[PDB]
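Asker: Dropping in model01.txt, which is compact mmCIF, N, CA and C atoms:
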# COMPACT_ATOMS: atom_id res chain seq x y z
N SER L 90 12.18 -7.76 21.32
CA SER L 90 10.90 -7.51 21.97
C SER L 90 10.58 -6.02 22.07
N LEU L 91 11.56 -5.23 22.52
CA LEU L 91 11.37 -3.78 22.63
C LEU L 91 11.03 -3.18 21.28
N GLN L 92 11.72 -3.64 20.24
CA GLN L 92 11.54 -3.04 18.92
C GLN L 92 10.24 -3.51 18.28
N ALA L 93 9.83 -4.74 18.55
CA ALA L 93 8.58 -5.25 17.99
C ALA L 93 7.37 -4.62 18.67
N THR L 94 7.45 -4.46 19.99
CA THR L 94 6.31 -4.03 20.80
C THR L 94 5.91 -2.57 20.55
N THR L 95 6.87 -1.71 20.25
CA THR L 95 6.53 -0.30 20.06
C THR L 95 5.93 -0.04 18.68
N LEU L 96 5.85 -1.06 17.83
CA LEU L 96 5.17 -0.92 16.53
C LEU L 96 3.66 -1.07 16.67
N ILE L 97 3.22 -1.71 17.75
CA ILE L 97 1.80 -1.95 17.94
C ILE L 97 1.05 -0.62 17.91
N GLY L 98 -0.02 -0.57 17.13
CA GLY L 98 -0.79 0.65 16.96
C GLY L 98 -0.32 1.50 15.80
N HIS L 99 0.86 1.22 15.26
CA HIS L 99 1.32 1.91 14.05
C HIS L 99 0.98 1.14 12.77
N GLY L 100 1.03 1.83 11.64
CA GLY L 100 0.91 1.16 10.37
C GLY L 100 2.28 0.75 9.91
N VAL L 101 2.36 -0.35 9.17
CA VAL L 101 3.62 -0.71 8.52
C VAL L 101 3.38 -0.96 7.05
N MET L 102 4.39 -0.65 6.23
CA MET L 102 4.39 -0.98 4.81
C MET L 102 5.13 -2.30 4.63
N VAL L 103 4.43 -3.32 4.15
CA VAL L 103 4.99 -4.65 4.03
C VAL L 103 4.66 -5.15 2.63
N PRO L 104 5.33 -6.22 2.16
CA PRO L 104 5.02 -6.74 0.82
C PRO L 104 3.55 -7.10 0.68
N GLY L 105 2.96 -6.72 -0.45
CA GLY L 105 1.56 -7.00 -0.71
C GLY L 105 1.03 -5.94 -1.66
N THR L 106 -0.22 -6.08 -2.07
CA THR L 106 -0.80 -5.26 -3.12
C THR L 106 -2.11 -4.61 -2.71
N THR L 107 -2.55 -4.88 -1.49
CA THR L 107 -3.89 -4.47 -1.09
C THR L 107 -3.98 -3.00 -0.74
N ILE L 108 -5.00 -2.35 -1.29
CA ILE L 108 -5.38 -1.01 -0.86
C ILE L 108 -6.84 -1.01 -0.42
N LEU L 109 -7.10 -0.42 0.74
CA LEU L 109 -8.46 -0.33 1.23
C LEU L 109 -9.01 1.06 0.92
N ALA L 110 -10.24 1.12 0.43
CA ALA L 110 -10.91 2.41 0.22
C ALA L 110 -12.16 2.53 1.08
N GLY L 111 -12.39 3.72 1.62
CA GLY L 111 -13.59 3.99 2.40
C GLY L 111 -13.75 5.42 2.89
N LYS L 112 -14.87 5.67 3.57
CA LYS L 112 -15.18 6.98 4.15
C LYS L 112 -15.30 6.89 5.66
N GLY L 113 -14.99 7.98 6.36
CA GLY L 113 -15.28 8.07 7.79
C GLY L 113 -16.78 8.13 8.03
N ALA L 114 -17.21 7.92 9.27
CA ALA L 114 -18.64 7.88 9.58
C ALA L 114 -19.22 9.28 9.76
N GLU L 115 -18.35 10.29 9.76
CA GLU L 115 -18.79 11.67 10.01
C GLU L 115 -19.41 12.33 8.78
N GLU L 116 -20.22 13.36 9.03
CA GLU L 116 -20.83 14.16 7.98
C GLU L 116 -19.75 14.82 7.13
N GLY L 117 -19.86 14.67 5.81
CA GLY L 117 -18.91 15.25 4.88
C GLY L 117 -17.70 14.39 4.55
N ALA L 118 -17.60 13.22 5.16
CA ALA L 118 -16.44 12.34 4.96
C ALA L 118 -16.15 12.09 3.48
N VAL L 119 -14.89 12.29 3.11
CA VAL L 119 -14.41 12.04 1.76
C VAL L 119 -13.70 10.69 1.75
N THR L 120 -13.82 9.95 0.65
CA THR L 120 -13.12 8.67 0.50
C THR L 120 -11.61 8.85 0.62
N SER L 121 -10.97 8.00 1.42
CA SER L 121 -9.52 7.96 1.47
C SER L 121 -9.06 6.52 1.27
N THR L 122 -7.80 6.35 0.87
CA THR L 122 -7.25 5.02 0.64
C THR L 122 -6.00 4.85 1.48
N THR L 123 -5.68 3.60 1.82
CA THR L 123 -4.49 3.32 2.60
C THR L 123 -3.30 3.36 1.66
N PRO L 124 -2.16 3.92 2.11
CA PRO L 124 -0.99 4.09 1.25
C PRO L 124 -0.47 2.80 0.61
N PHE L 125 0.20 2.92 -0.53
CA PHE L 125 0.89 1.76 -1.10
C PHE L 125 2.33 2.16 -1.33
N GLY L 126 3.18 1.20 -1.63
CA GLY L 126 4.56 1.53 -1.94
C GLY L 126 5.22 0.61 -2.95
N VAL L 127 6.48 0.89 -3.23
CA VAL L 127 7.29 0.02 -4.07
C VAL L 127 8.72 0.07 -3.57
N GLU L 128 9.37 -1.09 -3.52
CA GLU L 128 10.78 -1.14 -3.20
C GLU L 128 11.55 -1.45 -4.48
N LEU L 129 12.50 -0.60 -4.82
CA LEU L 129 13.33 -0.81 -5.99
C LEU L 129 14.77 -1.02 -5.58
N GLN L 130 15.38 -2.08 -6.10
CA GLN L 130 16.79 -2.35 -5.82
C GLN L 130 17.66 -1.46 -6.69
N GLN L 131 17.16 -1.14 -7.88
CA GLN L 131 17.82 -0.22 -8.79
C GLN L 131 16.90 0.98 -9.05
N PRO L 132 17.46 2.12 -9.48
CA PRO L 132 16.58 3.27 -9.74
C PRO L 132 15.74 3.05 -11.00
N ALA L 133 14.57 3.69 -11.07
CA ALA L 133 13.64 3.44 -12.17
C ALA L 133 13.36 4.67 -13.02
N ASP L 134 13.39 4.46 -14.34
CA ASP L 134 13.13 5.48 -15.34
C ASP L 134 11.64 5.82 -15.38
N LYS L 135 10.81 4.81 -15.59
CA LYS L 135 9.37 4.97 -15.50
C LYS L 135 8.77 3.92 -14.57
N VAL L 136 7.73 4.31 -13.83
CA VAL L 136 7.04 3.41 -12.92
C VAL L 136 5.54 3.44 -13.16
N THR L 137 4.96 2.27 -13.44
CA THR L 137 3.53 2.19 -13.71
C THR L 137 2.81 1.30 -12.70
N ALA L 138 1.62 1.73 -12.30
CA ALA L 138 0.80 1.00 -11.34
C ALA L 138 -0.61 0.79 -11.87
N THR L 139 -1.06 -0.45 -11.86
CA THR L 139 -2.42 -0.77 -12.25
C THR L 139 -3.20 -1.19 -11.02
N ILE L 140 -4.38 -0.59 -10.83
CA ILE L 140 -5.24 -0.87 -9.69
C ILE L 140 -6.53 -1.58 -10.12
N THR L 141 -6.80 -2.73 -9.52
CA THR L 141 -7.97 -3.53 -9.88
C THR L 141 -8.95 -3.59 -8.70
N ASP L 142 -10.23 -3.84 -8.97
CA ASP L 142 -11.19 -4.04 -7.88
C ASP L 142 -11.29 -5.53 -7.59
N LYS L 143 -12.23 -5.93 -6.74
CA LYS L 143 -12.28 -7.32 -6.29
C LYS L 143 -12.65 -8.25 -7.44
N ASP L 144 -13.37 -7.72 -8.43
CA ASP L 144 -13.77 -8.51 -9.59
C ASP L 144 -12.62 -8.57 -10.57
N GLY L 145 -11.55 -7.85 -10.25
CA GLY L 145 -10.35 -7.87 -11.07
C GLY L 145 -10.37 -6.89 -12.22
N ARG L 146 -11.36 -6.00 -12.22
CA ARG L 146 -11.43 -4.96 -13.25
C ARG L 146 -10.49 -3.81 -12.93
N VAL L 147 -9.75 -3.37 -13.94
CA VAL L 147 -8.84 -2.24 -13.80
C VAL L 147 -9.66 -0.97 -13.62
N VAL L 148 -9.53 -0.31 -12.48
CA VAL L 148 -10.29 0.92 -12.28
C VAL L 148 -9.40 2.15 -12.42
N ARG L 149 -8.09 1.94 -12.44
CA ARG L 149 -7.15 3.05 -12.61
C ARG L 149 -5.74 2.55 -12.93
N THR L 150 -5.10 3.20 -13.89
CA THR L 150 -3.70 2.95 -14.17
C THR L 150 -2.91 4.20 -13.81
N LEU L 151 -1.96 4.05 -12.89
CA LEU L 151 -1.19 5.19 -12.42
C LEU L 151 0.16 5.29 -13.11
N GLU L 152 0.51 6.51 -13.49
CA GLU L 152 1.83 6.83 -13.98
C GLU L 152 2.61 7.45 -12.83
N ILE L 153 3.52 6.69 -12.23
CA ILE L 153 4.23 7.17 -11.04
C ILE L 153 5.46 7.99 -11.42
N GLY L 154 6.22 7.50 -12.40
CA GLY L 154 7.31 8.27 -12.94
C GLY L 154 8.67 7.78 -12.49
N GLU L 155 9.64 8.69 -12.48
CA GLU L 155 11.01 8.38 -12.08
C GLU L 155 11.14 8.24 -10.57
N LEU L 156 11.84 7.20 -10.13
CA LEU L 156 12.07 6.96 -8.71
C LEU L 156 13.49 6.46 -8.47
N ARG L 157 14.13 6.97 -7.43
CA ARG L 157 15.44 6.44 -7.06
C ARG L 157 15.25 5.07 -6.40
N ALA L 158 16.36 4.36 -6.21
CA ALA L 158 16.32 3.07 -5.53
C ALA L 158 15.81 3.24 -4.11
N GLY L 159 15.32 2.15 -3.52
CA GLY L 159 14.88 2.17 -2.14
C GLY L 159 13.38 2.13 -1.99
N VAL L 160 12.89 2.59 -0.84
CA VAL L 160 11.48 2.50 -0.49
C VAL L 160 10.75 3.81 -0.80
N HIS L 161 9.55 3.69 -1.36
CA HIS L 161 8.74 4.86 -1.70
C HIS L 161 7.30 4.59 -1.35
N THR L 162 6.58 5.58 -0.85
CA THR L 162 5.17 5.36 -0.57
C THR L 162 4.29 6.43 -1.19
N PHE L 163 3.03 6.07 -1.43
CA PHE L 163 2.11 6.94 -2.13
C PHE L 163 0.69 6.73 -1.60
N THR L 164 -0.15 7.74 -1.74
CA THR L 164 -1.58 7.55 -1.47
C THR L 164 -2.42 7.87 -2.70
N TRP L 165 -3.20 6.88 -3.13
CA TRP L 165 -4.13 7.02 -4.24
C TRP L 165 -5.34 7.84 -3.81
N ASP L 166 -5.87 8.70 -4.68
CA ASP L 166 -7.02 9.54 -4.31
C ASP L 166 -8.34 8.76 -4.33
N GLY L 167 -8.29 7.51 -4.77
CA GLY L 167 -9.48 6.67 -4.79
C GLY L 167 -10.42 6.94 -5.94
N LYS L 168 -9.96 7.70 -6.93
CA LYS L 168 -10.81 7.98 -8.09
C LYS L 168 -10.45 7.08 -9.27
N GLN L 169 -11.48 6.59 -9.96
CA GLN L 169 -11.31 5.79 -11.18
C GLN L 169 -10.78 6.61 -12.35
N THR L 170 -10.47 5.91 -13.44
CA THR L 170 -9.94 6.56 -14.64
C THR L 170 -10.97 7.50 -15.30
N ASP L 171 -12.23 7.43 -14.87
CA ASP L 171 -13.26 8.35 -15.37
C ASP L 171 -13.65 9.44 -14.36
N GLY L 172 -12.92 9.56 -13.26
CA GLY L 172 -13.17 10.62 -12.30
C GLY L 172 -14.09 10.29 -11.13
N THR L 173 -14.95 9.29 -11.30
CA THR L 173 -15.83 8.88 -10.20
C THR L 173 -15.04 8.20 -9.09
N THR L 174 -15.58 8.26 -7.88
CA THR L 174 -14.91 7.68 -6.74
C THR L 174 -15.33 6.22 -6.58
N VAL L 175 -14.40 5.37 -6.19
CA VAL L 175 -14.68 3.94 -6.11
C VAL L 175 -15.46 3.60 -4.85
N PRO L 176 -16.27 2.53 -4.91
CA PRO L 176 -16.99 2.06 -3.73
C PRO L 176 -16.05 1.68 -2.60
N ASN L 177 -16.54 1.74 -1.37
CA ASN L 177 -15.79 1.19 -0.25
C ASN L 177 -15.45 -0.28 -0.53
N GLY L 178 -14.21 -0.67 -0.25
CA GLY L 178 -13.79 -2.04 -0.45
C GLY L 178 -12.30 -2.21 -0.64
N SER L 179 -11.89 -3.41 -1.04
CA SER L 179 -10.49 -3.75 -1.25
C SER L 179 -10.11 -3.61 -2.70
N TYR L 180 -8.90 -3.11 -2.92
CA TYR L 180 -8.36 -2.96 -4.26
C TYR L 180 -6.95 -3.51 -4.27
N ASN L 181 -6.44 -3.83 -5.45
CA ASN L 181 -5.11 -4.40 -5.57
C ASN L 181 -4.26 -3.67 -6.58
N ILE L 182 -2.99 -3.52 -6.26
CA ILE L 182 -2.10 -2.76 -7.10
C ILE L 182 -1.06 -3.68 -7.70
N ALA L 183 -0.76 -3.51 -8.98
CA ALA L 183 0.35 -4.20 -9.59
C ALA L 183 1.35 -3.16 -10.08
N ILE L 184 2.63 -3.37 -9.79
CA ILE L 184 3.60 -2.35 -10.12
C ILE L 184 4.70 -2.94 -10.98
N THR L 185 5.01 -2.28 -12.09
CA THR L 185 6.11 -2.69 -12.94
C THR L 185 7.03 -1.50 -13.16
N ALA L 186 8.33 -1.76 -13.32
CA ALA L 186 9.29 -0.67 -13.47
C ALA L 186 10.44 -1.05 -14.40
N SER L 187 10.99 -0.05 -15.08
CA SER L 187 12.08 -0.27 -16.03
C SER L 187 13.10 0.86 -15.96
N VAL L 194 12.96 -5.36 -11.28
CA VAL L 194 12.07 -6.03 -10.33
C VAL L 194 11.50 -5.03 -9.33
N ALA L 195 10.21 -5.18 -9.05
CA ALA L 195 9.56 -4.29 -8.11
C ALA L 195 8.81 -5.07 -7.07
N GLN L 196 9.04 -4.70 -5.82
CA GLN L 196 8.31 -5.24 -4.69
C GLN L 196 7.21 -4.26 -4.30
N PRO L 197 5.95 -4.63 -4.54
CA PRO L 197 4.90 -3.72 -4.07
C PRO L 197 4.77 -3.76 -2.57
N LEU L 198 4.33 -2.65 -1.99
CA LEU L 198 4.14 -2.57 -0.54
C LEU L 198 2.71 -2.17 -0.24
N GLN L 199 2.11 -2.78 0.79
CA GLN L 199 0.77 -2.38 1.25
C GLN L 199 0.77 -1.93 2.72
N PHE L 200 -0.30 -1.23 3.10
CA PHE L 200 -0.43 -0.70 4.46
C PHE L 200 -1.09 -1.76 5.33
N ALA L 201 -0.53 -1.98 6.52
CA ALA L 201 -1.19 -2.84 7.51
C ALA L 201 -1.01 -2.25 8.91
N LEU L 202 -2.02 -2.43 9.75
CA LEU L 202 -1.97 -1.96 11.12
C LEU L 202 -1.42 -3.07 12.00
N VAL L 203 -0.45 -2.74 12.86
CA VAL L 203 0.08 -3.72 13.79
C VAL L 203 -0.89 -3.86 14.98
N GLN L 204 -1.35 -5.08 15.23
CA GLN L 204 -2.42 -5.31 16.20
C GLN L 204 -1.90 -5.89 17.52
N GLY L 205 -0.74 -6.54 17.45
CA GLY L 205 -0.11 -7.15 18.60
C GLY L 205 1.17 -7.83 18.15
N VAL L 206 1.79 -8.59 19.05
CA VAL L 206 2.99 -9.35 18.75
C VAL L 206 2.88 -10.74 19.36
N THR L 207 3.59 -11.71 18.80
CA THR L 207 3.58 -13.07 19.33
C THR L 207 4.99 -13.57 19.63
N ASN L 213 10.14 -13.05 17.74
CA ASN L 213 8.91 -12.27 17.78
C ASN L 213 8.31 -12.03 16.40
N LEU L 214 6.98 -12.02 16.35
CA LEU L 214 6.26 -11.83 15.10
C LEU L 214 5.20 -10.74 15.27
N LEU L 215 5.03 -9.92 14.24
CA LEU L 215 4.01 -8.88 14.26
C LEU L 215 2.68 -9.45 13.81
N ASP L 216 1.63 -9.22 14.59
CA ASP L 216 0.30 -9.59 14.14
C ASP L 216 -0.34 -8.43 13.41
N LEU L 217 -0.64 -8.65 12.14
CA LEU L 217 -1.18 -7.62 11.26
C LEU L 217 -2.67 -7.81 10.99
N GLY L 218 -3.30 -8.68 11.78
CA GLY L 218 -4.71 -8.98 11.64
C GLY L 218 -4.99 -9.77 10.38
N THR L 219 -5.83 -9.21 9.52
CA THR L 219 -6.21 -9.80 8.23
C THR L 219 -5.03 -10.27 7.37
N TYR L 220 -3.96 -9.48 7.37
CA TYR L 220 -2.78 -9.75 6.55
C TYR L 220 -1.99 -10.95 7.10
N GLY L 221 -2.29 -11.36 8.32
CA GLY L 221 -1.56 -12.45 8.95
C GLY L 221 -0.36 -11.92 9.73
N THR L 222 0.75 -12.66 9.73
CA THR L 222 1.95 -12.23 10.44
C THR L 222 3.12 -11.95 9.51
N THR L 223 4.03 -11.12 10.00
CA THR L 223 5.28 -10.85 9.31
C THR L 223 6.37 -10.62 10.35
N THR L 224 7.63 -10.82 9.97
CA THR L 224 8.74 -10.56 10.87
C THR L 224 9.10 -9.09 10.79
N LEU L 225 9.91 -8.65 11.75
CA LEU L 225 10.29 -7.25 11.81
C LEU L 225 11.06 -6.81 10.57
N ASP L 226 11.91 -7.68 10.04
CA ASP L 226 12.78 -7.32 8.93
C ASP L 226 12.02 -7.11 7.61
N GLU L 227 10.81 -7.61 7.54
CA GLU L 227 10.01 -7.44 6.34
C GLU L 227 9.33 -6.08 6.34
N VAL L 228 9.45 -5.34 7.44
CA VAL L 228 8.85 -4.01 7.52
C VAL L 228 9.71 -2.98 6.77
N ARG L 229 9.13 -2.31 5.78
CA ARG L 229 9.89 -1.33 4.98
C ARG L 229 9.74 0.08 5.53
N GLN L 230 8.63 0.34 6.20
CA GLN L 230 8.37 1.66 6.71
C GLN L 230 7.36 1.57 7.83
N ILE L 231 7.53 2.42 8.85
CA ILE L 231 6.61 2.51 9.97
C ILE L 231 5.94 3.86 9.94
N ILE L 232 4.64 3.90 10.18
CA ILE L 232 3.87 5.14 10.03
C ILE L 232 3.03 5.46 11.27
Once more with this new file: its structure as structure tokens, please.

Answerer:
Amino acid sequence: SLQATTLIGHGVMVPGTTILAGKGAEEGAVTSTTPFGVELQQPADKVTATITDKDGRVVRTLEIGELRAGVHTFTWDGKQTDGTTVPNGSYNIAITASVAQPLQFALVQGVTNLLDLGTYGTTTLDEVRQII
């Protein structure tokens, strides 16, 4: 209970592929995206990430590179392969390495112990790879 409860209000990286893109409501707001990650059981020589929009169109392919085993997180700049910035909305990442567990950002909204992640549903504490 103590360990679950102090996560409320923090972000967690959990299995999933979702990235959210958007702008703040303030003047001058630049598009930002919620972090993504990958868990590797073995170290990786090359790491590639493909990002699709809701229609499933590839808007960017990322070359991540060499990564040691374990948990890693990244933030996409929200720009397409042609330099333009993507509309506000949901995007999905697919990651392959040479098994890869993709990680997505979720906000902890409460507890039930189970973490309530809102839209993402629930997850147990052990499925949390990183707290932010």

Asker: Quick one: residues within 8 Å of residue L:98, only N, CA and C atoms counted, chain neighbours fewer than 4 positions away excluded, as a PDB file with N, CA and C atoms, in the coordinates of the input?

Answerer:
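Result file follows (out-v8.pdb):
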ATOM      1  N   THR L  94       7.450  -4.460  19.990  1.00  0.00           N
ATOM      2  CA  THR L  94       6.310  -4.030  20.800  1.00  0.00           C
ATOM      3  C   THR L  94       5.910  -2.570  20.550  1.00  0.00           C
ATOM      4  N   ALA L 201      -0.530  -1.980   6.520  1.00  0.00           N
ATOM      5  CA  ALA L 201      -1.190  -2.840   7.510  1.00  0.00           C
ATOM      6  C   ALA L 201      -1.010  -2.250   8.910  1.00  0.00           C
ATOM      7  N   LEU L 202      -2.020  -2.430   9.750  1.00  0.00           N
ATOM      8  CA  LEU L 202      -1.970  -1.960  11.120  1.00  0.00           C
ATOM      9  C   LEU L 202      -1.420  -3.070  12.000  1.00  0.00           C
ATOM     10  N   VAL L 203      -0.450  -2.740  12.860  1.00  0.00           N
ATOM     11  CA  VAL L 203       0.080  -3.720  13.790  1.00  0.00           C
ATOM     12  C   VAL L 203      -0.890  -3.860  14.980  1.00  0.00           C
ATOM     13  N   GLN L 204      -1.350  -5.080  15.230  1.00  0.00           N
ATOM     14  CA  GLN L 204      -2.420  -5.310  16.200  1.00  0.00           C
ATOM     15  C   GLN L 204      -1.900  -5.890  17.520  1.00  0.00           C
ATOM     16  N   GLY L 205      -0.740  -6.540  17.450  1.00  0.00           N
ATOM     17  CA  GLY L 205      -0.110  -7.150  18.600  1.00  0.00           C
ATOM     18  C   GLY L 205       1.170  -7.830  18.150  1.00  0.00           C
ATOM     19  N   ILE L 232       4.640   3.900  10.180  1.00  0.00           N
ATOM     20  CA  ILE L 232       3.870   5.140  10.030  1.00  0.00           C
ATOM     21  C   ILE L 232       3.030   5.460  11.270  1.00  0.00           C
TER      22      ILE L 232
END

Asker: When distances are computed from only C-alpha atoms, which of L:177, L:92, L:187, L:213 shows the smallest separation from residue L:154?

Answerer: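 Comparing L:177, L:92, L:187, L:213 against residue L:154, the winner is L:187.
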
Asker: If we draw a sphere of 9 Å around (2.3, 9.0, -3.2), which residues have at least one atom in it when counting only C-alpha atoms? Please report them as an NGL selection string.

Answerer: :L and (124-126 or 153 or 161-165)

Asker: Between L:149, L:229, L:157, L:112, which one has atoms that come closest to residue L:186, using only C-alpha atoms?

Answerer: L:157

Asker: Interatomic distance between atom CA of residue L:143 and atom CA of residue L:173?

Answerer: 17.0 Å

Asker: Quick one: residues within 7 Å of residue L:131, only N, CA and C atoms, excluding same-chain residues fewer than 5 positions away - as a PyMOL selection string?

Answerer: chain L and resi 156-159+194

Asker: In terms of the shortest atom-to-atom distance over all atoms listed in the file, which of L:127, L:97, L:206, L:175 is closest to residue L:110?

Answerer: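 Once distances to residue L:110 are computed over all atoms listed in the file, the minimum belongs to L:175.
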
Asker: For residue L:111, which of L:141, L:132, L:176, L:231 is the closest residue, counting all atoms listed in the file?

Answerer: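 Looking at the shortest contact to residue L:111, the residue is L:176.
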
Asker: Which of these residues is nearest to residue L:198, using all atoms listed in the file: L:118, L:148, L:160, L:103?

Answerer: L:103

Asker: Which residue, L:199, L:122, L:90, L:170, has the smallest gap to residue L:109 when you use only C-alpha atoms?

Answerer: L:122

Asker: Would you compute the distance between atom CA of residue L:138 and atom CA of residue L:168? Give it in Å to one decimal.

Answerer: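 Taking atom CA of residue L:138 and atom CA of residue L:168, their separation equals 13.9 Å.
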
Asker: Please enclose the listed atoms of stretch 154-158 of chain L in an axis-aligned box, pad each side by 3 Å, and write out the centre and the three edge lengths in Å, rounded to one decimal, as JSON.

Answerer:
{"center_x": 11.3, "center_y": 5.9, "center_z": -8.5, "size_x": 16.1, "size_y": 11.6, "size_z": 14.8}

Asker: Select from chain L everything DSSP, run on the backbone, classes as strand (DSSP E or B), then give the selection as a PyMOL selection string.

Answerer: chain L and resi 100-104+107-111+121-122+125-129+133+136-141+147-152+156+159-163+168+174+178-186+195-202+205-206+215-216+222-223+230-231

Asker: In Å, with one decimal, what is the gap from atom CA of residue L:120 to atom CA of residue L:174?

Answerer: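 Spanning atom CA of residue L:120 to atom CA of residue L:174 is a straight-line distance of 7.5 Å.
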
Asker: Please provide the set of residues having any atom within 8 Å of residue L:139, restricted to all atoms listed in the file, with same-chain residues fewer than 3 positions apart removed, written as number ranges by chain.

Answerer: L: 136, 142, 146-152, 181-185
